[PDB]
Amino acid sequence: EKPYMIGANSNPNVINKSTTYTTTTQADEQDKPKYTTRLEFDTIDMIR
Amino acid sequence: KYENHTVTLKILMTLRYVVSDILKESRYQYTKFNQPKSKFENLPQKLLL
Amino acid sequence: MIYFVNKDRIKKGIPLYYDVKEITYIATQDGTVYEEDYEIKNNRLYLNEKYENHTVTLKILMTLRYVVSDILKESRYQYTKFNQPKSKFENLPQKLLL
Amino acid sequence: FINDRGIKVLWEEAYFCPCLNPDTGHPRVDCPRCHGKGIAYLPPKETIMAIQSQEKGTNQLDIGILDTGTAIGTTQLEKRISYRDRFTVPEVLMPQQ
Amino acid sequence: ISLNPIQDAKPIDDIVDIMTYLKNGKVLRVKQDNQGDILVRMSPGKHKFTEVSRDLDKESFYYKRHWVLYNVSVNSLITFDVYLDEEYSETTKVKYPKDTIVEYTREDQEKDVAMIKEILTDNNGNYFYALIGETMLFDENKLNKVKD
Amino acid sequence: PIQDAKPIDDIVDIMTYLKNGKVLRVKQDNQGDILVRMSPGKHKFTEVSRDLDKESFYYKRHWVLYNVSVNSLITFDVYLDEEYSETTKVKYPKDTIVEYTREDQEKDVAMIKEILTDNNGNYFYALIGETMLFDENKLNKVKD
Ligand SMILES: [Zn+2]
C-alpha cells in the first residue's frame, strides 16, 4: 500500500577489525564445490 | 615339486612416496574481497617426494 | 661492534674498527648510556671513569664506500660523425666491478 | 605495493650482548637478554614484509636431523636492516615432530 | 503496542537427540568452522544414507533444495554446534542473544553486568532486552557486551 | 579497607609524575606486567622494563627505548612502582565476574565492587547493585 522508500542506513561503525585465522581441528569437513567446465587431453589424438 | 629350484616373478605394485623435503613451503594471501573481514589463507605447498 | 674497556683504553680512547657518521644505540652491563658520558674525536671514543672494567657495544651508521677490484667491458667506442665538422672519437661508459 | 603483497611480521634489531666474556670473546650460557646465543635483541617493531622461495631444507647427519633453508624477503622503503636481524611470523605455523 | 517474544534457536548438545532426530528424518543445520553452514539429512526410502545440501534457505515452492550423498562424521557433529532447520533463521540475528551476560548502565551511574533472560520485539523491529533484577526493558544502544 | 591498590585516574597526573621521573607500573591482559620510565639527560624519551622486582645489589633493572602508546596508559591501569602491593590474599580479584543470589532467592550475576576485611582476617565482598556484604562462600566464581 504505502510507497516503498529507501530510508536510512543501519550499518554501525566498526574499528580495529582483526583477521580471521582458520582453526586447526581433527574433525571432518566438506569441501565446498564449484561446478564448471573441465579441461582434458584428446588422448585418442595423442595415440594418433 | 620345486624344493631346490629357482623362481622368478614379474610383479606389479602400488606407487608410493615419502616427503624428503618441503620446498617453497608457504605462500600466503590476505583475502579481503567479498568477505566480512580480512581472512588468511595458506596457498599450496610444493613437496619433493 | 663491541669493545672491552680497561684502565689503559679509558684515557687513550677506544680505536674504532669502522668509521663514524652517527651512533644509533650504546649499551653496557649497567644498561644504556647517555650523551653526557661519552664523546668521539677523530674517530675514537672516550668514556668516563664509571666504566673502567665494563663492556661497551654500539650500533653504528657509516658511509658506503667501494674500491675498483676489476675493470670489466673496459672500453666501448664510437666514431661520432653526424652533425660534426669532422670525425670525433668518444669513449663510452666503462663497467666497474666494485 | 609492498603493504599489499607483504605479510605482517615483527622486526627486532640485533646487537651483541654485554654479557660476552671479555677474554675468550664468547658468551654466557644463560642470561635474560640472550639465551646462550651471543647476540641480544631490541624491542620488536611491527612491519609488513614480502617473503619468497621459503625452503625447509633437511640435512640428515650423524649428529641428527637439522632444519635449515633459504627464504628471500623484500622490505619497505627507508628501512635499513642489519646482519643477523630477527623476524617472526605469528600467523604462519610450522609442524614439527 | 508490540510483538510477542521470539524464541532463540536452541543449540543441541546431546548427540543422542541429534541422532534420534536424524533417524526421524528431520533436517539438521551444521555450522562448520572452516567452510560455512550446511544442511544434513537422512535419505528417504530403503537405501538409507546421509545427504548434504548447501541450498542454505528454508524450502520454498520456487526454491527446492538439492541433496548430495556425504559421509558425515560423528566428530563433526560433536565438535560443531547443530540446529534444527525449522528454527535457525534470519528472522532475529540479535546482537545480544539470550543467556548472554551484558553490561548495562543503571540510573545511579554505576555499570552492572546482568544476563539477558528474555528478548522481544516491537513494531519497528527493535530488540527489547529483559535483565534479571529489573522490570524496565532496555534498548540496543544502551547495552554493551564484555568478552573474555 | 585495604591499602593494596591506589590506581591513577587521570592521564594528566600520569604525565606529571613522569615529568618528575618516578617509575610507573602498567598492567596487561594475559601478559607480563610492565614498568615504564622517562629517560634522563638531554634527550627525553620513554623507556620500559620487563623486570618488576626492586633494585638491589643482586638485582638490577634493564631499560630500553620503546614507542609507548597513550592508548595503553589511558586504558590500562597504572600505579606508582614504589607503592604497589604484590597481592591481596583473597579468593576473587577485583573486577571479576561473579554469581550470587538476591534477597528474594533469585540468582543474579555481577562483578565485585569492593574487597574488604575485618580485623580477624575474615573477608567480605560487595557486588554491583548490592549494598550489603557477601561471604566468600556465598559468592561463586563464574567461568569464562
Ligand atoms: Zn647475554
# chains A, B, ... in the order shown; residues from 1 in each chain; ligands from 1
>>> residues_near_ligand(ligand="ligand 1", cutoff="10 Å", atoms="only C-alpha atoms and all ligand atoms", output="number ranges by chain")
C: 29; D: 16-21, 27-41
>>> write_last_selection(atoms="N, CA and C atoms", output="PDB file, in the first residue's frame")
ATOM      1  N   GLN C  29      76.799  -3.337  30.562  1.00  0.00           N
ATOM      2  CA  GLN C  29      76.186  -4.211  31.555  1.00  0.00           C
ATOM      3  C   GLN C  29      75.251  -3.440  32.478  1.00  0.00           C
TER       4      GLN C  29
ATOM      5  N   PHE D  16      75.130  -7.187  19.934  1.00  0.00           N
ATOM      6  CA  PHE D  16      75.924  -8.026  20.823  1.00  0.00           C
ATOM      7  C   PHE D  16      75.628  -7.735  22.287  1.00  0.00           C
ATOM      8  N   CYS D  17      75.392  -8.797  23.051  1.00  0.00           N
ATOM      9  CA  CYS D  17      75.070  -8.645  24.457  1.00  0.00           C
ATOM     10  C   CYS D  17      76.306  -8.193  25.237  1.00  0.00           C
ATOM     11  N   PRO D  18      76.130  -7.364  26.271  1.00  0.00           N
ATOM     12  CA  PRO D  18      77.267  -7.044  27.146  1.00  0.00           C
ATOM     13  C   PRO D  18      77.822  -8.240  27.892  1.00  0.00           C
ATOM     14  N   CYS D  19      77.064  -9.330  28.008  1.00  0.00           N
ATOM     15  CA  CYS D  19      77.488 -10.476  28.802  1.00  0.00           C
ATOM     16  C   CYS D  19      78.637 -11.256  28.177  1.00  0.00           C
ATOM     17  N   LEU D  20      79.126 -10.855  27.006  1.00  0.00           N
ATOM     18  CA  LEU D  20      80.230 -11.564  26.377  1.00  0.00           C
ATOM     19  C   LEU D  20      81.458 -11.555  27.275  1.00  0.00           C
ATOM     20  N   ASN D  21      82.143 -12.684  27.322  1.00  0.00           N
ATOM     21  CA  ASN D  21      83.334 -12.809  28.148  1.00  0.00           C
ATOM     22  C   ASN D  21      84.436 -11.923  27.575  1.00  0.00           C
ATOM     23  N   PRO D  27      80.063 -16.058  24.720  1.00  0.00           N
ATOM     24  CA  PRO D  27      79.017 -15.570  25.617  1.00  0.00           C
ATOM     25  C   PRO D  27      78.724 -16.488  26.798  1.00  0.00           C
ATOM     26  N   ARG D  28      78.006 -15.921  27.761  1.00  0.00           N
ATOM     27  CA  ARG D  28      77.485 -16.670  28.890  1.00  0.00           C
ATOM     28  C   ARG D  28      76.402 -17.635  28.424  1.00  0.00           C
ATOM     29  N   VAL D  29      76.319 -18.782  29.100  1.00  0.00           N
ATOM     30  CA  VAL D  29      75.402 -19.829  28.664  1.00  0.00           C
ATOM     31  C   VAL D  29      73.954 -19.398  28.829  1.00  0.00           C
ATOM     32  N   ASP D  30      73.650 -18.630  29.871  1.00  0.00           N
ATOM     33  CA  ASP D  30      72.282 -18.203  30.134  1.00  0.00           C
ATOM     34  C   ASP D  30      72.290 -16.808  30.733  1.00  0.00           C
ATOM     35  N   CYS D  31      71.509 -15.914  30.141  1.00  0.00           N
ATOM     36  CA  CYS D  31      71.250 -14.604  30.718  1.00  0.00           C
ATOM     37  C   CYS D  31      69.918 -14.109  30.181  1.00  0.00           C
ATOM     38  N   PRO D  32      69.283 -13.152  30.861  1.00  0.00           N
ATOM     39  CA  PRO D  32      67.951 -12.710  30.414  1.00  0.00           C
ATOM     40  C   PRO D  32      67.923 -12.171  28.995  1.00  0.00           C
ATOM     41  N   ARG D  33      68.950 -11.422  28.590  1.00  0.00           N
ATOM     42  CA  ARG D  33      68.907 -10.761  27.291  1.00  0.00           C
ATOM     43  C   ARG D  33      69.015 -11.764  26.151  1.00  0.00           C
ATOM     44  N   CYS D  34      69.988 -12.668  26.226  1.00  0.00           N
ATOM     45  CA  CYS D  34      70.201 -13.686  25.206  1.00  0.00           C
ATOM     46  C   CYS D  34      70.336 -15.045  25.871  1.00  0.00           C
ATOM     47  N   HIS D  35      69.571 -16.020  25.383  1.00  0.00           N
ATOM     48  CA  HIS D  35      69.555 -17.357  25.975  1.00  0.00           C
ATOM     49  C   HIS D  35      70.655 -18.211  25.342  1.00  0.00           C
ATOM     50  N   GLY D  36      71.884 -17.892  25.722  1.00  0.00           N
ATOM     51  CA  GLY D  36      73.078 -18.597  25.279  1.00  0.00           C
ATOM     52  C   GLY D  36      73.663 -18.083  23.986  1.00  0.00           C
ATOM     53  N   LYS D  37      72.806 -17.722  23.036  1.00  0.00           N
ATOM     54  CA  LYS D  37      73.266 -17.059  21.826  1.00  0.00           C
ATOM     55  C   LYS D  37      74.032 -15.799  22.198  1.00  0.00           C
ATOM     56  N   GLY D  38      75.090 -15.508  21.455  1.00  0.00           N
ATOM     57  CA  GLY D  38      75.905 -14.369  21.815  1.00  0.00           C
ATOM     58  C   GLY D  38      75.347 -13.028  21.408  1.00  0.00           C
ATOM     59  N   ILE D  39      74.159 -13.004  20.811  1.00  0.00           N
ATOM     60  CA  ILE D  39      73.557 -11.794  20.261  1.00  0.00           C
ATOM     61  C   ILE D  39      72.226 -11.567  20.958  1.00  0.00           C
ATOM     62  N   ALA D  40      72.048 -10.374  21.515  1.00  0.00           N
ATOM     63  CA  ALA D  40      70.773  -9.969  22.079  1.00  0.00           C
ATOM     64  C   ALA D  40      69.908  -9.296  21.016  1.00  0.00           C
ATOM     65  N   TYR D  41      68.748  -8.795  21.441  1.00  0.00           N
ATOM     66  CA  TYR D  41      67.773  -8.198  20.543  1.00  0.00           C
ATOM     67  C   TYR D  41      67.062  -7.037  21.221  1.00  0.00           C
TER      68      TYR D  41
END
>>> residues_around(residues="stretch 10-19 of chain A", least_positions_apart="2", cutoff="7 Å", atoms="only C-alpha atoms", output="ChimeraX atom specification")
/A:8,21 /B:37-40
>>> residues_around(residues="stretch 61-70 of chain C", least_positions_apart="2", cutoff="8 Å", atoms="only C-alpha atoms", output="ChimeraX atom specification")
/C:18-24,59,72,96-98
>>> write_last_selection(atoms="N, CA and C atoms", output="compact mmCIF listing (two decimals), in the first residue's frame")
# COMPACT_ATOMS: atom_id res chain seq x y z
N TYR C 18 85.53 0.60 12.54
CA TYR C 18 84.87 1.31 11.46
C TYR C 18 85.05 2.82 11.61
N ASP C 19 84.61 3.54 10.59
CA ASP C 19 84.41 4.98 10.68
C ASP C 19 83.09 5.29 11.38
N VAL C 20 82.85 6.58 11.60
CA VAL C 20 81.66 7.05 12.31
C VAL C 20 81.01 8.17 11.52
N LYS C 21 79.69 8.07 11.35
CA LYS C 21 78.82 9.19 10.99
C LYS C 21 77.93 9.60 12.15
N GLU C 22 77.25 8.65 12.77
CA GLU C 22 76.44 8.91 13.95
C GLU C 22 76.17 7.58 14.64
N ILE C 23 75.85 7.66 15.93
CA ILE C 23 75.62 6.48 16.75
C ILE C 23 74.12 6.31 16.97
N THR C 24 73.65 5.08 16.79
CA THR C 24 72.25 4.72 16.97
C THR C 24 71.93 4.35 18.42
N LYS C 59 75.65 0.18 18.05
CA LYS C 59 75.06 0.11 16.71
C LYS C 59 75.33 1.41 15.97
N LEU C 72 85.81 -4.01 -16.24
CA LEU C 72 85.10 -5.04 -16.98
C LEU C 72 84.37 -4.39 -18.15
N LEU C 96 82.47 -1.20 -14.00
CA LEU C 96 83.39 -1.47 -12.89
C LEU C 96 82.82 -2.55 -11.98
N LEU C 97 83.67 -3.49 -11.56
CA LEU C 97 83.33 -4.44 -10.50
C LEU C 97 83.90 -3.94 -9.18
N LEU C 98 83.04 -3.35 -8.36
CA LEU C 98 83.41 -2.70 -7.12
C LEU C 98 83.44 -3.67 -5.93
>>> interface_residues(of="chain E", to="chain F", cutoff="10 Å", atoms="only C-alpha atoms", output="NGL selection string")
:E and (101 or 103 or 106 or 108 or 110-115 or 131-133 or 147-148)
>>> interface_residues(of="chain E", to="chain A", cutoff="8 Å", atoms="only C-alpha atoms", output="list in words")
residues 32, 33, 34, 35, 72, 73, 75, 76 and 79 of chain E
>>> write_last_selection(atoms="N, CA, C and O atoms", output="CSV table (one decimal), in the first residue's frame")
chain,number,residue,atom,x,y,z
E,32,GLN,N,29.8,-25.4,10.3
E,32,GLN,CA,31.2,-25.8,10.2
E,32,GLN,C,32.1,-24.5,10.3
E,32,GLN,O,31.8,-23.5,9.7
E,33,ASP,N,33.1,-24.6,11.2
E,33,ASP,CA,34.0,-23.5,11.4
E,33,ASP,C,34.8,-23.1,10.1
E,33,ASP,O,34.9,-21.9,9.9
E,34,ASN,N,35.3,-24.0,9.4
E,34,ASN,CA,36.2,-23.7,8.3
E,34,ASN,C,35.4,-23.3,7.0
E,34,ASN,O,35.9,-22.4,6.3
E,35,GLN,N,34.3,-23.9,6.7
E,35,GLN,CA,33.7,-23.8,5.3
E,35,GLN,C,32.2,-23.6,5.4
E,35,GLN,O,31.5,-24.1,4.6
E,72,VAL,N,29.0,-38.0,6.5
E,72,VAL,CA,29.1,-37.2,7.7
E,72,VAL,C,29.7,-37.9,8.8
E,72,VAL,O,29.4,-39.1,9.1
E,73,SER,N,30.6,-37.2,9.6
E,73,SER,CA,31.3,-37.8,10.7
E,73,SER,C,30.7,-37.5,12.0
E,73,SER,O,30.1,-36.4,12.2
E,75,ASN,N,32.4,-37.0,14.8
E,75,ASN,CA,33.2,-35.9,15.4
E,75,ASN,C,32.7,-34.6,14.9
E,75,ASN,O,32.7,-33.6,15.7
E,76,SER,N,32.4,-34.5,13.7
E,76,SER,CA,31.9,-33.2,13.1
E,76,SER,C,30.7,-32.8,13.9
E,76,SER,O,30.6,-31.6,14.3
E,79,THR,N,31.8,-31.8,17.7
E,79,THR,CA,32.6,-30.5,17.9
E,79,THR,C,31.9,-29.3,17.4
E,79,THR,O,32.2,-28.2,17.8
>>> interface_residues(of="chain D", to="chain A", cutoff="12 Å", atoms="only C-alpha atoms", output="short mmCIF file (atom, residue, chain, number, x, y, z; two decimals) with N, CA, C and O atoms, in the first residue's frame")
data_model
loop_
_atom_site.label_atom_id
_atom_site.label_comp_id
_atom_site.auth_asym_id
_atom_site.auth_seq_id
_atom_site.Cartn_x
_atom_site.Cartn_y
_atom_site.Cartn_z
N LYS D 8 52.32 -9.33 7.62
CA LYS D 8 52.65 -8.75 8.92
C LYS D 8 53.71 -9.57 9.65
O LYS D 8 53.60 -10.80 9.75
N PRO D 90 53.89 -14.61 13.47
CA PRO D 90 52.90 -15.34 14.28
C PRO D 90 51.85 -16.06 13.46
O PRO D 90 51.40 -17.14 13.85
N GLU D 91 51.43 -15.48 12.34
CA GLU D 91 50.34 -16.05 11.55
C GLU D 91 50.67 -17.46 11.09
O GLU D 91 49.83 -18.36 11.17
N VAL D 92 51.89 -17.69 10.61
CA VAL D 92 52.25 -18.95 9.98
C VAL D 92 52.80 -19.90 11.03
O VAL D 92 53.74 -19.57 11.77
N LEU D 93 52.22 -21.09 11.09
CA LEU D 93 52.59 -22.17 11.99
C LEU D 93 53.28 -23.28 11.20
O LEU D 93 52.93 -23.54 10.05
N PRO D 95 54.66 -27.37 11.32
CA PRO D 95 54.67 -28.65 12.04
C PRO D 95 56.07 -29.20 12.28
O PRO D 95 56.94 -29.17 11.41
#
>>> closest_residue(among="F:115, F:23, F:64, F:15", to="chain C", atoms="only C-alpha atoms")
F:64
>>> closest_residue(among="F:11, F:61, F:31, F:42", to="chain D", atoms="only C-alpha atoms")
F:61
>>> select_by_dssp(residues="stretch 71-134 of chain E", states="strand (DSSP E)", output="VMD selection string")
chain E and resid 82 to 84 101 to 105 111 to 121 127 to 131
>>> select_by_dssp(residues="chain D", states="alpha helix (DSSP H)", output="list in words")
residues 2, 3, 4 and 5 of chain D
>>> closest_residue(among="E:74, E:30, E:22, E:94", to="residue E:139", atoms="only C-alpha atoms")
E:94
>>> closest_residue(among="F:38, F:74, F:26, F:133", to="residue F:51", atoms="only C-alpha atoms")
F:26
